[PDB]
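Colleague: In their complex positions, the first chains:
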Amino acid sequence: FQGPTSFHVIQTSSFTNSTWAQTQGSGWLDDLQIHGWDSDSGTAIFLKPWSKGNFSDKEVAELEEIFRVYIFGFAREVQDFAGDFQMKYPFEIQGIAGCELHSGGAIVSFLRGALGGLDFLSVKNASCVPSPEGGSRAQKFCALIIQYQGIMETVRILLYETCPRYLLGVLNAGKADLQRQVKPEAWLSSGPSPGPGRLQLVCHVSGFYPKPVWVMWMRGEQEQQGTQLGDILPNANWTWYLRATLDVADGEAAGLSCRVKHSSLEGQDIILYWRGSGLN
């Protein structure tokens, strides 16, 4: 199937000082946000009418209370153990947990943690793995977190039992948006000169959905290996923007075309032709 294959929740916990800390949170289907989270009230924001998947209101209220109790409780515990862990304020903690549907049908779960923008820990086989970047502090955190069978059990259930059923239910409930097809539009421009006697040609591709797209600079049926892809950038309303550039000597730009292949085009590729002496 096309569109996102994974669900994940993220956490950004900012510890300004010994008396102030706030947590930002959200829920995502790959890069598409489906849940917002209010930091001080500790409450979920449902961004799509199908954001609850196949979960009942009861179960969603239950999960919301789990996250609210976790988030407030996490800041409380970090503040208590900050001294023991030689923490200098301010510091920032990030987390990501979720699950993904693979080809063949297996659902794989993941939980990763960071401190100061660096890897801190990961979860493998329902266990706390310290990351080398976390050092003695990550080794210590994992030694301490396993002392609480309650947290551990809960993380296990959420990761390996709640997340897979949630993911299948929400990919189904949202399939009118998640598996829609939106056609790209493309256009050409000339970028800054990359060097002596050289031009940079730019092929812009924007407004496509889903994310997989193929853009290449061509000479007839021949793909130009010099084609440099830029970063796939977001647009509003769940679409993407991409620039494919080519460095060429002036005098060698004539005969160039940009070709776009995308699921939504149904084999009818977009073909743009670079024309010489400002005939674009």
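Modeller: That came through, no problem. Numbers count the residues shown, from 1 in each chain, chains lettered A, B, ... in the order given.
Colleague: So chain A: which segments form each domain?
Modeller: Taking curated CATH domains as the criterion, chain A consists of the domains A:4-179, A:180-280.
Colleague: mind putting those domains in a markdown table, mean neighbour count included?
Modeller: All C-beta atoms are positioned from the backbone trio N, CA, C, and that covers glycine. Below are the domains of chain A laid out as a markdown table (neighbours: other C-beta atoms under 10 Å):
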| stretch | mean neighbour count |
| --- | --- |
| domain A:4-179 | 16 |
| domain A:180-280 | 15 |
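Colleague: Can you give me the end-to-end span of stretch A:24-44?
Modeller: End-to-end span of stretch A:24-44 (C-alpha to C-alpha, to the nearest Å): 11 Å.
Colleague: scratch that, stretch A:117-136
Modeller: 17 Å.
Colleague: who's in contact with it?
Modeller: With contact meaning C-beta atoms under 8 Å, 6 or more residues apart in numbering, stretch A:117-136 is reached by A:92-94, A:97, A:109-115, A:137-139, A:141-142, A:145-146, A:152, A:155-156, A:159-160.
Colleague: give me that answer again for 6 Å
Modeller: A:111, A:112, A:113, A:114, A:138, A:139, A:142, A:145, A:156 (C-beta atoms under 6 Å, 6 or more residues apart in numbering).
Colleague: need these in CSV with secondary structure, can you?
Modeller: Below are the contacts of stretch A:117-136 laid out as CSV (DSSP: H, G, I helix; E, B strand; the rest coil):
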residue, secondary structure
A:111, strand
A:112, strand
A:113, strand
A:114, strand
A:138, helix
A:139, helix
A:142, helix
A:145, helix
A:156, helix
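Colleague: which element is residue A:172 on?
Modeller: Following DSSP states H and E, one finds residue A:172 within helix A:163-173.
Colleague: Just give me how far that helix sits from the chain centre.
Modeller: Counting by C-alpha atoms, centre = their mean, to the nearest Å, helix A:163-173 is centred 17 Å from the centre of its parent chain.
Colleague: Just list what it packs against, helices and strands only.
Modeller: Applying 3 or more C-beta pairs under 6 Å, 6 or more residues apart in numbering; DSSP states H and E, one finds that helix A:163-173 makes contact with strand A:91-101.
Colleague: could you dump the strand it packs on to PDB, C-alpha only?
Modeller: The C-alpha coordinates for strand A:91-101 follow below in PDB (Å, rounded to 0.1, in the frame of the first residue of the first chain):
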ATOM      1  CA  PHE A  91      19.300  20.900  29.200                       C
ATOM      2  CA  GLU A  92      16.900  19.300  26.700                       C
ATOM      3  CA  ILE A  93      15.700  15.700  26.500                       C
ATOM      4  CA  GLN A  94      14.000  14.200  23.400                       C
ATOM      5  CA  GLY A  95      12.200  11.000  22.900                       C
ATOM      6  CA  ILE A  96      10.500   9.100  20.000                       C
ATOM      7  CA  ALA A  97       8.400   5.800  20.300                       C
ATOM      8  CA  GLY A  98       6.200   4.000  17.800                       C
ATOM      9  CA  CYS A  99       5.900   1.200  15.400                       C
ATOM     10  CA  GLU A 100       6.100   0.400  11.700                       C
ATOM     11  CA  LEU A 101       4.500  -2.000   9.200                       C
END
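Colleague: ok, now chain B:
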Amino acid sequence: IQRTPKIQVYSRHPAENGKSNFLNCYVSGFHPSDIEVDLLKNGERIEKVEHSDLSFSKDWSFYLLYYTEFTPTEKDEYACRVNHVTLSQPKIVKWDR
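Modeller: Putting chain B onto the chains we already have gives this:
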């Protein structure tokens, strides 16, 4: 230990004077999360600006998308203004079609 934001300003559609469009500002590669983002029209803050909630990439760097509807003209100038703990003063990146 701290990473300064990268700023990318682009339009959703090819710019055509007098034709309605969307102005996007992608702010990424930064750390820590606290940041201030504004879209400007001739140096003045646009109030009807939408944005994504905070997200981060695989290296744990944060990113945000800020956007607004706009109609490009011959003379109107557009920009994305960003302030971060790593910057002494707001960094301004101008829209260039």
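Colleague: try the contacts of stretch A:117-136 again now we have chain B.
Modeller: Residues outside stretch A:117-136 that contact it (C-beta atoms under 6 Å, 6 or more residues apart in numbering or on different chains): A:111, A:112, A:113, A:114, A:138, A:139, A:142, A:145, A:156, B:31, B:60.
Colleague: Now tabulate those residues in JSON lines and tack on distance to residue A:1.
Modeller: JSON lines is the format used below for the contacts of stretch A:117-136 (distance: C-beta to C-beta, whole Å):
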{"residue": "A:111", "distance to residue A:1": "25"}
{"residue": "A:112", "distance to residue A:1": "26"}
{"residue": "A:113", "distance to residue A:1": "30"}
{"residue": "A:114", "distance to residue A:1": "31"}
{"residue": "A:138", "distance to residue A:1": "37"}
{"residue": "A:139", "distance to residue A:1": "41"}
{"residue": "A:142", "distance to residue A:1": "37"}
{"residue": "A:145", "distance to residue A:1": "36"}
{"residue": "A:156", "distance to residue A:1": "28"}
{"residue": "B:31", "distance to residue A:1": "35"}
{"residue": "B:60", "distance to residue A:1": "30"}
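Colleague: Taking those residues, tell me the two that lie furthest apart.
Modeller: Among the contacts of stretch A:117-136, the pair separated by the greatest distance (C-beta to C-beta) is A:156 and B:31, at 30.5 Å.
Colleague: Quick check: residues of chain B near chain A?
Modeller: B:12, B:14, B:22, B:26, B:31, B:32, B:33, B:53, B:54, B:60, B:65, B:67 (C-beta under 6 Å from any C-beta of the partner chain).
Colleague: quick revisit: specify the next element, helix or strand, located C-terminal of the helix holding residue A:172.
Modeller: Next element after helix A:163-173 (DSSP H and E): helix A:175-178.
Colleague: contacts for that following helix?
Modeller: By C-beta under 6 Å, 6+ apart, the residues outside helix A:175-178 that reach it are A:3, A:4.
Colleague: Just checking the distance from it to the centre of its chain.
Modeller: Distance, stretch centre to chain centre, for helix A:175-178: 18 Å (C-alpha atoms, centre = their mean).
Colleague: And the helices in the stretch 51-200 of chain A, which stretches?
Modeller: For the stretch 51-200 of chain A, the helices defined by DSSP state H, counting those that start in this stretch cover A:57-81, A:135-145, A:149-157, A:163-173, A:175-178.
Colleague: Chain B: strands as residue ranges?
Modeller: For chain B, applying DSSP state E gives strands covering B:6-11, B:21-30, B:35-41, B:44-45, B:50-51, B:55-56, B:62-70, B:78-84, B:91-94.
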